[PDB]
Amino acid sequence: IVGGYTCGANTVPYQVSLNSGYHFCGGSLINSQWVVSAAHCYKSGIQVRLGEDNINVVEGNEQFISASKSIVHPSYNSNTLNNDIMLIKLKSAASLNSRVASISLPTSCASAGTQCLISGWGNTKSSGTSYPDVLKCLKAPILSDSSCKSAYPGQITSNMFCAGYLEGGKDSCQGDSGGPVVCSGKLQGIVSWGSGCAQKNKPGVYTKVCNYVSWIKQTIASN
Ligand SMILES: NC(=[NH2+])c1ccc2[nH]c(-c3cc([C@@H](CC(=O)[O-])C(=O)[O-])cc(Br)c3[O-])nc2c1
Ligand SMILES: [Ca+2]
Ligand SMILES: [Cl-]
């Protein structure tokens, strides 16, 4: 996250860290046995880390659980990143409490101007790499479809939306992929891609979760 702030320990209880010997992507806890992340974060040997704040120090509240299976959307296109969503089922359910909690899926999609909270342990530099130890936060508004397509002509599908600042300086970045975009207590997006990080007129692009609620429900119900 570039231009964000330190969230504060366990203030984002649905945020998870996908780990393979190091943090490589974020995710969101939607119930005690399933996590939603981005398809492009897929890999084998994933350990999901819940109740984290500093990812390099065991401070207490952490629950490390192996992924039993990862289900990448069947129509995921790695070239356009269309349908960039993945569900991970945990080997054992997580103990939920105030520090580890799930986030609600939306019933409707959000409108432009809605203010959301984006979080993650991704790079904090737009020009260079600086990874934080603790979770960073950023409040960002959803932009209009016209501004989004103007910024990324021919690359935005109906399953994506832009959130951020056209002036540059505040954005999600590498390491934040797969993590949550929460607006009014509902998971509306998944950090997906962008051109560099926090560059002017190049906002972040997120997977539009409201378009996938039935898929998620059906898939969880049959696995
Ligand atoms: N500006 C943004 N809003 C943004 C958001 C998520 C991103 N995730 C990534 C991302 C980048 C890589 C690198 C690979 C590298 O530098 O070694 C790449 O350019 O392909 C890899 C992953 Br996996 C990402 O999620 N970039 C991102 C940029
Ligand atoms: Ca820790
Ligand atoms: Cl277009």
# chains A, B, ... in the order shown; residues from 1 in each chain; ligands from 1

$ residues_around --residues "residue A:29" --least-positions-apart "2" --cutoff "6 Å" --atoms "only C-alpha atoms" --output "PDB file with N, CA, C and O atoms, in the first residue's frame"
ATOM      1  N   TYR A  14     -10.500  -9.708   9.072  1.00  0.00           N
ATOM      2  CA  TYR A  14     -10.767 -10.648   7.924  1.00  0.00           C
ATOM      3  C   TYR A  14      -9.589 -10.714   6.958  1.00  0.00           C
ATOM      4  O   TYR A  14      -9.563 -11.506   6.032  1.00  0.00           O
ATOM      5  N   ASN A  31     -15.749 -16.955   5.782  1.00  0.00           N
ATOM      6  CA  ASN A  31     -16.496 -17.875   6.749  1.00  0.00           C
ATOM      7  C   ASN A  31     -15.345 -18.611   7.474  1.00  0.00           C
ATOM      8  O   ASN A  31     -14.206 -18.395   7.095  1.00  0.00           O
ATOM      9  N   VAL A  35     -11.507 -18.667   2.264  1.00  0.00           N
ATOM     10  CA  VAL A  35     -10.838 -17.391   1.955  1.00  0.00           C
ATOM     11  C   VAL A  35     -10.991 -17.085   0.440  1.00  0.00           C
ATOM     12  O   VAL A  35     -10.961 -17.985  -0.387  1.00  0.00           O
ATOM     13  N   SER A 102     -14.853 -13.041   9.841  1.00  0.00           N
ATOM     14  CA  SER A 102     -15.060 -13.067   8.376  1.00  0.00           C
ATOM     15  C   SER A 102     -15.724 -11.742   7.977  1.00  0.00           C
ATOM     16  O   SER A 102     -16.207 -11.006   8.838  1.00  0.00           O
TER      17      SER A 102
END

$ residues_around --residues "residue A:71" --least-positions-apart "3" --cutoff "12 Å" --atoms "only C-alpha atoms" --output "short mmCIF file (atom, residue, chain, number, x, y, z; two decimals) with N, CA and C atoms, in the first residue's frame"
data_model
loop_
_atom_site.label_atom_id
_atom_site.label_comp_id
_atom_site.auth_asym_id
_atom_site.auth_seq_id
_atom_site.Cartn_x
_atom_site.Cartn_y
_atom_site.Cartn_z
N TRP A 34 -13.24 -20.76 4.58
CA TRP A 34 -12.90 -20.29 3.23
C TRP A 34 -12.43 -18.82 3.19
N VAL A 35 -11.51 -18.67 2.26
CA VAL A 35 -10.84 -17.39 1.96
C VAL A 35 -10.99 -17.09 0.44
N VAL A 36 -11.13 -15.82 0.15
CA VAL A 36 -11.26 -15.36 -1.23
C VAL A 36 -9.96 -14.54 -1.50
N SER A 37 -9.38 -14.75 -2.64
CA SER A 37 -8.16 -14.03 -3.02
C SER A 37 -8.26 -13.89 -4.57
N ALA A 38 -7.15 -13.56 -5.16
CA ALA A 38 -7.09 -13.38 -6.65
C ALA A 38 -6.48 -14.63 -7.31
N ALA A 39 -7.04 -14.94 -8.48
CA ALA A 39 -6.56 -16.11 -9.26
C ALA A 39 -5.09 -16.03 -9.58
N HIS A 40 -4.60 -14.84 -9.87
CA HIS A 40 -3.17 -14.73 -10.20
C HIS A 40 -2.24 -14.92 -8.99
N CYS A 41 -2.80 -15.18 -7.84
CA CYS A 41 -1.95 -15.40 -6.65
C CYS A 41 -1.84 -16.93 -6.49
N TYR A 42 -2.58 -17.68 -7.26
CA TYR A 42 -2.51 -19.16 -7.14
C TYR A 42 -1.09 -19.83 -7.20
N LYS A 43 -0.85 -20.81 -6.38
CA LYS A 43 0.43 -21.56 -6.36
C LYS A 43 0.13 -22.71 -5.41
N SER A 44 1.00 -23.68 -5.34
CA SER A 44 0.73 -24.80 -4.42
C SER A 44 1.58 -24.51 -3.18
N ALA A 67 -3.81 -24.68 3.26
CA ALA A 67 -4.96 -24.61 2.31
C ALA A 67 -5.25 -26.09 1.93
N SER A 68 -6.48 -26.52 1.89
CA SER A 68 -6.73 -27.93 1.51
C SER A 68 -6.84 -27.85 -0.05
N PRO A 74 -12.90 -20.78 -13.29
CA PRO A 74 -12.70 -21.55 -14.55
C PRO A 74 -12.44 -20.67 -15.79
N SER A 75 -12.99 -19.50 -15.73
CA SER A 75 -12.84 -18.53 -16.85
C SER A 75 -11.75 -17.48 -16.58
N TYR A 76 -10.89 -17.75 -15.64
CA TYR A 76 -9.82 -16.79 -15.36
C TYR A 76 -8.94 -16.71 -16.64
N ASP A 84 -10.44 -12.49 -12.13
CA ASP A 84 -9.26 -12.74 -11.24
C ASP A 84 -9.77 -12.98 -9.79
N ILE A 85 -10.28 -14.15 -9.55
CA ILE A 85 -10.80 -14.49 -8.21
C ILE A 85 -10.49 -15.97 -7.98
N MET A 86 -10.24 -16.27 -6.74
CA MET A 86 -9.92 -17.64 -6.31
C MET A 86 -10.45 -17.87 -4.91
N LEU A 87 -10.85 -19.09 -4.65
CA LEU A 87 -11.37 -19.43 -3.31
C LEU A 87 -10.37 -20.45 -2.79
N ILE A 88 -10.09 -20.38 -1.52
CA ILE A 88 -9.14 -21.33 -0.87
C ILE A 88 -9.94 -21.97 0.28
N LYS A 89 -9.90 -23.26 0.37
CA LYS A 89 -10.65 -23.92 1.47
C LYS A 89 -9.50 -24.23 2.47
N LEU A 90 -9.75 -24.02 3.74
CA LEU A 90 -8.73 -24.29 4.79
C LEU A 90 -8.83 -25.79 5.21
N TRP A 215 -21.62 -17.44 -7.77
CA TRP A 215 -20.54 -18.42 -8.10
C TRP A 215 -19.92 -18.90 -6.77
N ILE A 216 -19.53 -17.95 -5.94
CA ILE A 216 -18.90 -18.26 -4.61
C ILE A 216 -19.83 -19.17 -3.79
N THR A 219 -20.12 -22.65 -5.48
CA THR A 219 -18.84 -23.38 -5.38
C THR A 219 -18.62 -23.84 -3.92
N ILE A 220 -18.79 -22.97 -2.97
CA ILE A 220 -18.59 -23.37 -1.54
C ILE A 220 -19.60 -24.49 -1.19
N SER A 222 -20.79 -26.75 -2.97
CA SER A 222 -20.47 -28.08 -3.55
C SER A 222 -19.04 -28.63 -3.24
N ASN A 223 -18.34 -27.96 -2.36
CA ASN A 223 -16.96 -28.38 -1.99
C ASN A 223 -16.79 -28.38 -0.46
#

$ atom_distance --atom1 "atom CA of residue A:19" --atom2 "atom CA of residue A:56"
11.4 Å

$ select_by_dssp --residues "stretch 40-178 of chain A" --states "helix (DSSP H, G or I)" --output "PyMOL selection string"
chain A and resi 40-41+145-151

$ closest_atom_pairs --of "chain A" --to "ligand 3" --cutoff "8 Å" --atoms "only C-alpha atoms and all ligand atoms" --output "Markdown table"
| residue | atom | partner | partner_atom_place_in_ligand_line | distance |
| --- | --- | --- | --- | --- |
| A:149 | CA | ligand 3 | 1 (Cl) | 5.3 |
| A:150 | CA | ligand 3 | 1 (Cl) | 7.2 |
| A:152 | CA | ligand 3 | 1 (Cl) | 7.3 |
| A:153 | CA | ligand 3 | 1 (Cl) | 4.3 |
| A:154 | CA | ligand 3 | 1 (Cl) | 3.9 |
| A:155 | CA | ligand 3 | 1 (Cl) | 6.7 |
| A:156 | CA | ligand 3 | 1 (Cl) | 6.8 |

$ residues_near_ligand --ligand "ligand 1" --cutoff "8 Å" --atoms "only C-alpha atoms and all ligand atoms" --output "mmCIF file with N, CA and C atoms, in the first residue's frame"
data_model
loop_
_atom_site.group_PDB
_atom_site.id
_atom_site.type_symbol
_atom_site.label_atom_id
_atom_site.label_comp_id
_atom_site.auth_asym_id
_atom_site.auth_seq_id
_atom_site.Cartn_x
_atom_site.Cartn_y
_atom_site.Cartn_z
ATOM 1 N N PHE A 24 3.230 -13.566 0.075
ATOM 2 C CA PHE A 24 3.227 -13.271 -1.398
ATOM 3 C C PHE A 24 1.864 -12.630 -1.823
ATOM 4 N N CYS A 25 0.789 -12.815 -1.091
ATOM 5 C CA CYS A 25 -0.509 -12.212 -1.465
ATOM 6 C C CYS A 25 -1.381 -12.125 -0.238
ATOM 7 N N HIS A 40 -4.605 -14.842 -9.872
ATOM 8 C CA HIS A 40 -3.170 -14.729 -10.197
ATOM 9 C C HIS A 40 -2.236 -14.923 -8.992
ATOM 10 N N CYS A 41 -2.802 -15.175 -7.842
ATOM 11 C CA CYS A 41 -1.951 -15.400 -6.645
ATOM 12 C C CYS A 41 -1.838 -16.930 -6.486
ATOM 13 N N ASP A 171 -2.214 4.279 -3.335
ATOM 14 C CA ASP A 171 -2.691 3.116 -4.174
ATOM 15 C C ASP A 171 -2.276 1.790 -3.506
ATOM 16 N N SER A 172 -2.731 0.703 -4.069
ATOM 17 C CA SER A 172 -2.332 -0.602 -3.518
ATOM 18 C C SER A 172 -1.117 -0.853 -4.484
ATOM 19 N N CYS A 173 -0.375 -1.880 -4.217
ATOM 20 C CA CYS A 173 0.811 -2.238 -5.014
ATOM 21 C C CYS A 173 1.088 -3.740 -4.818
ATOM 22 N N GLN A 174 2.151 -4.160 -5.455
ATOM 23 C CA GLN A 174 2.577 -5.594 -5.402
ATOM 24 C C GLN A 174 2.693 -6.053 -3.945
ATOM 25 N N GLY A 175 2.167 -7.212 -3.718
ATOM 26 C CA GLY A 175 2.185 -7.795 -2.351
ATOM 27 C C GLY A 175 0.770 -7.632 -1.773
ATOM 28 N N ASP A 176 0.033 -6.684 -2.312
ATOM 29 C CA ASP A 176 -1.361 -6.438 -1.838
ATOM 30 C C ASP A 176 -2.408 -7.284 -2.649
ATOM 31 N N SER A 177 -2.011 -7.794 -3.800
ATOM 32 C CA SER A 177 -2.936 -8.627 -4.667
ATOM 33 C C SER A 177 -3.674 -9.709 -3.856
ATOM 34 N N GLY A 178 -4.922 -9.885 -4.171
ATOM 35 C CA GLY A 178 -5.718 -10.899 -3.466
ATOM 36 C C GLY A 178 -6.393 -10.328 -2.219
ATOM 37 N N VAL A 191 -7.922 -6.868 -4.635
ATOM 38 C CA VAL A 191 -6.787 -6.117 -5.247
ATOM 39 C C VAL A 191 -6.354 -7.018 -6.415
ATOM 40 N N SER A 192 -6.376 -6.434 -7.587
ATOM 41 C CA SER A 192 -5.997 -7.201 -8.812
ATOM 42 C C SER A 192 -4.803 -6.624 -9.559
ATOM 43 N N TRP A 193 -4.938 -5.485 -10.204
ATOM 44 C CA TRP A 193 -3.741 -4.960 -10.936
ATOM 45 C C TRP A 193 -3.757 -3.465 -11.046
ATOM 46 N N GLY A 194 -2.802 -2.936 -11.754
ATOM 47 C CA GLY A 194 -2.674 -1.463 -11.985
ATOM 48 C C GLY A 194 -1.387 -1.251 -12.789
ATOM 49 N N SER A 195 -1.154 -0.048 -13.239
ATOM 50 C CA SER A 195 0.087 0.257 -14.028
ATOM 51 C C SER A 195 1.016 0.904 -13.001
ATOM 52 N N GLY A 196 1.997 0.141 -12.560
ATOM 53 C CA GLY A 196 2.967 0.668 -11.545
ATOM 54 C C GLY A 196 2.134 0.848 -10.274
ATOM 55 N N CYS A 197 2.553 1.709 -9.423
ATOM 56 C CA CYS A 197 1.795 1.944 -8.187
ATOM 57 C C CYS A 197 1.858 3.426 -7.936
ATOM 58 N N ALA A 198 0.703 3.895 -7.573
ATOM 59 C CA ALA A 198 0.404 5.296 -7.236
ATOM 60 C C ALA A 198 0.851 6.314 -8.298
ATOM 61 N N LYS A 202 -3.424 6.566 -13.213
ATOM 62 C CA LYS A 202 -3.338 5.080 -13.321
ATOM 63 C C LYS A 202 -3.797 4.515 -11.976
ATOM 64 N N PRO A 203 -5.080 4.560 -11.723
ATOM 65 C CA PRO A 203 -5.653 4.016 -10.471
ATOM 66 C C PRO A 203 -5.543 2.476 -10.419
ATOM 67 N N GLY A 204 -5.886 1.950 -9.277
ATOM 68 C CA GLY A 204 -5.816 0.486 -9.118
ATOM 69 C C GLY A 204 -7.101 -0.089 -9.699
ATOM 70 N N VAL A 205 -6.993 -1.306 -10.180
ATOM 71 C CA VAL A 205 -8.121 -2.054 -10.777
ATOM 72 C C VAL A 205 -8.297 -3.257 -9.837
ATOM 73 N N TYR A 206 -9.553 -3.432 -9.550
ATOM 74 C CA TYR A 206 -10.085 -4.480 -8.639
ATOM 75 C C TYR A 206 -11.159 -5.369 -9.232
#

$ residues_around --residues "residue A:18" --least-positions-apart "2" --cutoff "8 Å" --atoms "only C-alpha atoms" --output "ChimeraX atom specification"
/A:16,20,23-27,46-49

$ write_last_selection --atoms "N, CA, C and O atoms" --output "tab-separated table (two decimals), in the first residue's frame"
chain	number	residue	atom	x	y	z
A	16	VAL	N	-6.10	-11.77	5.51
A	16	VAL	CA	-5.23	-12.95	5.76
A	16	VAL	C	-3.98	-12.71	4.88
A	16	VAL	O	-4.00	-11.89	3.97
A	20	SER	N	4.22	-18.73	1.55
A	20	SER	CA	4.93	-19.94	1.00
A	20	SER	C	6.39	-19.79	1.43
A	20	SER	O	7.33	-19.98	0.68
A	23	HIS	N	5.53	-13.85	2.63
A	23	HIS	CA	4.17	-13.32	2.30
A	23	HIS	C	4.17	-13.04	0.80
A	23	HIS	O	5.06	-12.35	0.33
A	24	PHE	N	3.23	-13.57	0.07
A	24	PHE	CA	3.23	-13.27	-1.40
A	24	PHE	C	1.86	-12.63	-1.82
A	24	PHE	O	1.85	-11.97	-2.84
A	25	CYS	N	0.79	-12.82	-1.09
A	25	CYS	CA	-0.51	-12.21	-1.46
A	25	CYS	C	-1.38	-12.12	-0.24
A	25	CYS	O	-1.07	-12.74	0.77
A	26	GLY	N	-2.44	-11.38	-0.38
A	26	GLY	CA	-3.42	-11.18	0.71
A	26	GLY	C	-4.68	-11.97	0.35
A	26	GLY	O	-4.78	-12.64	-0.68
A	27	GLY	N	-5.64	-11.90	1.22
A	27	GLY	CA	-6.92	-12.61	0.99
A	27	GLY	C	-7.89	-12.13	2.03
A	27	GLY	O	-7.49	-11.33	2.89
A	46	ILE	N	0.45	-23.45	-0.17
A	46	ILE	CA	0.00	-22.18	0.46
A	46	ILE	C	-0.41	-22.45	1.94
A	46	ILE	O	-1.11	-23.40	2.23
A	47	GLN	N	0.06	-21.59	2.79
A	47	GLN	CA	-0.27	-21.67	4.24
A	47	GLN	C	-1.02	-20.31	4.41
A	47	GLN	O	-0.51	-19.28	4.01
A	48	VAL	N	-2.18	-20.36	4.97
A	48	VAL	CA	-2.96	-19.12	5.18
A	48	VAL	C	-2.62	-18.68	6.65
A	48	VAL	O	-2.64	-19.50	7.58
A	49	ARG	N	-2.34	-17.42	6.76
A	49	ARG	CA	-2.00	-16.84	8.09
A	49	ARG	C	-3.03	-15.77	8.46
A	49	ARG	O	-3.13	-14.70	7.85

$ residues_near_ligand --ligand "ligand 2" --cutoff "10 Å" --atoms "only C-alpha atoms and all ligand atoms" --output "number ranges by chain"
A: 9, 49-63, 133-134

$ closest_residue --among "A:126, A:144, A:92, A:207" --to "residue A:188" --atoms "only C-alpha atoms"
A:207

$ residues_around --residues "residue A:120" --least-positions-apart "3" --cutoff "7 Å" --atoms "only C-alpha atoms" --output "JSON, numbers by chain"
{"A": [1, 26, 135, 136, 137, 176, 179]}

$ write_last_selection --atoms "N, CA, C and O atoms" --output "PDB file, in the first residue's frame"
ATOM      1  N   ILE A   1       0.910  -1.155   0.000  1.00  0.00           N
ATOM      2  CA  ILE A   1       0.000   0.000   0.000  1.00  0.00           C
ATOM      3  C   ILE A   1       0.956   1.213   0.000  1.00  0.00           C
ATOM      4  O   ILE A   1       1.869   1.259   0.797  1.00  0.00           O
ATOM      5  N   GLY A  26      -2.441 -11.378  -0.378  1.00  0.00           N
ATOM      6  CA  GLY A  26      -3.423 -11.176   0.711  1.00  0.00           C
ATOM      7  C   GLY A  26      -4.682 -11.967   0.350  1.00  0.00           C
ATOM      8  O   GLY A  26      -4.777 -12.637  -0.681  1.00  0.00           O
ATOM      9  N   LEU A 135       0.573  -4.430   8.916  1.00  0.00           N
ATOM     10  CA  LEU A 135      -0.536  -4.151   7.939  1.00  0.00           C
ATOM     11  C   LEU A 135      -0.827  -2.678   7.749  1.00  0.00           C
ATOM     12  O   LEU A 135      -1.000  -1.963   8.735  1.00  0.00           O
ATOM     13  N   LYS A 136      -0.875  -2.333   6.489  1.00  0.00           N
ATOM     14  CA  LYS A 136      -1.146  -0.928   6.067  1.00  0.00           C
ATOM     15  C   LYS A 136      -2.572  -0.889   5.518  1.00  0.00           C
ATOM     16  O   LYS A 136      -3.052  -1.892   4.997  1.00  0.00           O
ATOM     17  N   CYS A 137      -3.125   0.294   5.673  1.00  0.00           N
ATOM     18  CA  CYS A 137      -4.486   0.664   5.279  1.00  0.00           C
ATOM     19  C   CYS A 137      -4.503   1.891   4.438  1.00  0.00           C
ATOM     20  O   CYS A 137      -3.610   2.709   4.509  1.00  0.00           O
ATOM     21  N   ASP A 176       0.033  -6.684  -2.312  1.00  0.00           N
ATOM     22  CA  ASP A 176      -1.361  -6.438  -1.838  1.00  0.00           C
ATOM     23  C   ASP A 176      -2.408  -7.284  -2.649  1.00  0.00           C
ATOM     24  O   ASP A 176      -3.541  -7.420  -2.212  1.00  0.00           O
ATOM     25  N   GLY A 179      -5.919  -9.221  -1.717  1.00  0.00           N
ATOM     26  CA  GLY A 179      -6.552  -8.647  -0.480  1.00  0.00           C
ATOM     27  C   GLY A 179      -7.859  -7.852  -0.730  1.00  0.00           C
ATOM     28  O   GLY A 179      -8.286  -7.657  -1.856  1.00  0.00           O
TER      29      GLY A 179
END

$ atom_distance --atom1 "atom CA of residue A:162" --atom2 "atom CA of residue A:8"
25.8 Å

$ atom_distance --atom1 "atom CA of residue A:119" --atom2 "atom CA of residue A:10"
11.8 Å

$ residues_around --residues "residue A:201" --least-positions-apart "6" --cutoff "7 Å" --atoms "only C-alpha atoms" --output "list in words"
residues 151, 166, 167 and 168 of chain A

$ write_last_selection --atoms "C-alpha atoms" --output "PDB file, in the first residue's frame"
ATOM      1  CA  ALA A 151      -7.421   5.503 -17.838  1.00  0.00           C
ATOM      2  CA  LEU A 166      -5.937  10.116 -10.225  1.00  0.00           C
ATOM      3  CA  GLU A 167      -3.471  12.562  -8.681  1.00  0.00           C
ATOM      4  CA  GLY A 168      -1.195   9.580  -7.747  1.00  0.00           C
TER       5      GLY A 168
END

$ closest_residue --among "A:93, A:184, A:169, A:11" --to "residue A:127" --atoms "only C-alpha atoms"
A:169

$ closest_residue --among "A:3, A:106, A:185, A:45" --to "residue A:21" --atoms "only C-alpha atoms"
A:45

$ closest_residue --among "A:15, A:211, A:199, A:157" --to "residue A:80" --atoms "only C-alpha atoms"
A:157
